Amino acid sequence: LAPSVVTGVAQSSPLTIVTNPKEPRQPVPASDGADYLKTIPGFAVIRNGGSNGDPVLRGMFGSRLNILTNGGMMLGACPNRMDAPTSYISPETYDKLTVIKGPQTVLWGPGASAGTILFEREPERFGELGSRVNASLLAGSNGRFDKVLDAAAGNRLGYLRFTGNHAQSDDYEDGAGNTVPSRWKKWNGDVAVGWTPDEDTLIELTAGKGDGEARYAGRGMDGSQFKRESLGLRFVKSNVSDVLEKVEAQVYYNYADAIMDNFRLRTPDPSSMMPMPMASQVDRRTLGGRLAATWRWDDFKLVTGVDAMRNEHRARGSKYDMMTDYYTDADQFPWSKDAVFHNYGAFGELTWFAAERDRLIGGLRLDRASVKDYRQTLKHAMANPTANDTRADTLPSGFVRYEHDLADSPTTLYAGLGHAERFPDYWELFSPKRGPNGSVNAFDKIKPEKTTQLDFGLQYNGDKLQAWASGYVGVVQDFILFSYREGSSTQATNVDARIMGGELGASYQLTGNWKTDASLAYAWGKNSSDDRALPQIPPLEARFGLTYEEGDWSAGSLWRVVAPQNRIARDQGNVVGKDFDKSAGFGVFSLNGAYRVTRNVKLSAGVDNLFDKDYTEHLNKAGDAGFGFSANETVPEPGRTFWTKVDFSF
C-alpha cells in the first residue's frame, strides 16, 4: 500500500499518460487545470497570477490542445484568453486525467495538433443499495484554503452523485518579499444522475456551475466573474451484436459568462490607457455531440463515428464619460454577437493486433469547419469590412503508429507519422488588430495551419527500474503567429515552422524503502519563414526526486532544474504573450510527507521552494505598469510556501 505525494507522472502506454487527479501533488496546484499538468513532462504553464494559467505542451499553445471535460469542449470567452479552457476545471472533482501526445488520435475532435487532454469521471458501480463519500481539505501558506466533496448513492439500477469544491488564496508573494497581485477564489458544483437498466446499458444526465474571480498581475483588467455552466447527456450500450461491442452517444452544452474590470479588484492606473473605470462582459455558448461504435472481431478493432459542434460568442461593455462621473455598467447595454463557429466531422481508427507483440494502428478524420463574423462594427467606432461574412474549409487528418514489443525484456518500441490540419480558433480571427500584409483584417486571410509530425519512443517496465522516452520531429505549414508593434498592437500571420523535441524519464527502486526517479523535457522550434527561432518555447527542464517509504508513511525530496532559454524571437508570440528577454536559469527544491492514519483518512504536507528562490519562468507574462512592474519584468513565481492536506474516503 503505502502513500506518497505525486512529484511527476510517467508515460504508461506509448505516447500516453494517465493519472488520478485526486492524489496530492508536490508543487501544489492552484486548483486549476493548467497546474495539474505541470507534473507531466513536456507541459509548461504561462502564469497570469495566482491561478488560471494557460498550458503549453511541447512549445505549442492554445487551440493546438484539446481539453475535454467528460467528453465535451468548454471554451472560455476573453478575447485575451484570461479564462483558458483549463480555467474552468477543478481536477480534484474529476476521477481520471489522461493525455495523448502529438496528432496520434482522431476520436476526440479536430485539429489536435499538439495533443489531447481528457478529464473524465467513471460512472458508479453499485449493485447492492449503497453509497460512498470522499473529500479533502487543504490549508496552505498564503491564506490558501480548499474544500472538495464527492459523494454518490445508488443501487444496481441507478445512482446519484454530487461533486463540488471551494478554493481560494490571498495574494501570494515571492522570494524578494514582494506581494504579487494574485488573489483568487473558485467554486464548482455539479450533479449527475445515472440509469443502468441492466449491466449492458447506461444513460446519464449531468449538470453544474462554477464561479470564480482572480486578480491578474500581468494584465490591465482583473476577472470579477467566470460563470461556467454545463449540461450533459450520454448513452452507452455494450454487446449489441457479436462484432459490435459498444455504442457511445453524447450531447453537451457549456456556457461561459465572464466579467473583467479595472476597479473591482484594483483601482484604475491614473497614468494608464484606462484611468476610467471600465468593465466588459463576454460569454461563449458551446453545443456539441459525438456518436461512435467500436467493432471488435478476429484480430482487429475498429471504432467509427461522427461529431459536430457549434459555438457562439458575444460581448458588451461599460461606459464612463466626460462631464460627470456617471458610470453605466455593461449589464445595461445589450449583448453584441461577433462570431459563430460550426464543425462537423467523421472519424475512424483501425488497430490490428498482428501476432503477440505487434500493433499497427491507423486513423483518419474528415472535418468541415466554418465561421460567420457578426461584428457590424469595430472598437469610438469603425466599420468592419467583413460584417456577416462567412468562411469555410474541409480538413482531413490522420495518422499511423507501429508498436513493437521486444524479444527478451519488458520493452516496447513505437514510431508514428501524423498529419493534422486545423481551423483557426476565435482568437486567431478576431483578437488580432491587423491581418497579414495586404489583408483587410485577420478574419479574411489566415490560413488553417497543417502540421506533419513523426513520433517515436519506448517503454521499459521492469521490476527495480521503470523508464520511458518519447521524441518528435515535425514541420508546420501556415503556423499562426502574433507579432507586436507599439498604444500597442498585434498582427496575426501564417508562417512556416520546423519543430523537434522530446521527453524521457526513469524510476528506480533502490531498496524496498528507497525509490528515486528523474525526468527531462526538451523542446525547440524555428520560424523557417523569417529564419528566426519560434517564440515562446520553454527551455530544458529537469526534475529529480528521492523518496522513502516505510509502512504507513512517506518522505519526499524534489529538485526542479531549469536551463536558460536563449532562443527567443522578440516582439512575437501568441495572443496572450510575447518574447522579449532571454530566460535566466534556476533551481527550486521541495519536500513532502504523507501518512495514512486509517483506511479512510490519510494526511499530507509539503514545503514548496524551500530556499525561497526569487525567480520567474520564461513563458510567464509581463507585469502591469500600474501595479509596480518595471518595463517588461515578468510575473514572479511564489517563494517558500507551506501546505497540508487531508483526504477522507468512505
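So that there is no doubt, residue numbering starts at 1 and follows the sequence shown.
Might you work out how many residues are unmodelled in the deposited sequence between residue 379 and residue 380, and answer none, 1 to 3, 4 to 9, or 10 or more? Going from residue 379 to residue 380, the model skips 4 to 9 residues of the deposited sequence.
For the step residue 486 to residue 487, what size class fits the number of deposited residues with no coordinates, none, 1 to 3, 4 to 9, or 10 or more? Going from residue 486 to residue 487, the model skips 1 to 3 residues of the deposited sequence.
Comparing 619 to 627 with 586 to 594, which has the greater mean CA B-factor as deposited? Comparing averages over the C-alpha atoms only gives 619 to 627.
Out of 320 to 328 and 245 to 253, which stretch has the higher average CA B-factor listed in the record? Per the PDB record, 320 to 328.
Which of 449, 312, 541, 531 ranks first by CA B-factor in the deposited coordinates: That would be 531.
Which one, 422, 526, 227, 464, has the peak C-alpha temperature factor per the PDB entry? In this record, 464 carries the highest C-alpha B-factor of the candidates.
Taking the entry's C-alpha B-factors for this chain, is residue 38 in the lowest, middle or highest third? For residue 38, whose C-alpha B-factor we compare with every modelled residue in the chain, the answer is the highest third.
Place residue 286 in the lowest, middle or highest third of its chain's C-alpha B-factors, as listed in the PDB entry. Lowest third - that is where residue 286 ends up once the chain's C-alpha B-factors are sorted.
So where's residue 415 on the chain's Cα temperature factor ranking, which third? According to the entry, residue 415 has a C-alpha B-factor in the chain's lowest third.
Compare the C-alpha B factor of residue 599 with those of the other modelled residues in its chain, then answer lowest, middle or highest third. Tercile = highest for this residue's CA B-factor.
Could you say whether, by C-alpha temperature factor, residue 49 belongs to the lowest, middle or highest third of its chain? Residue 49: CA B-factor falls in the lowest third of its chain.
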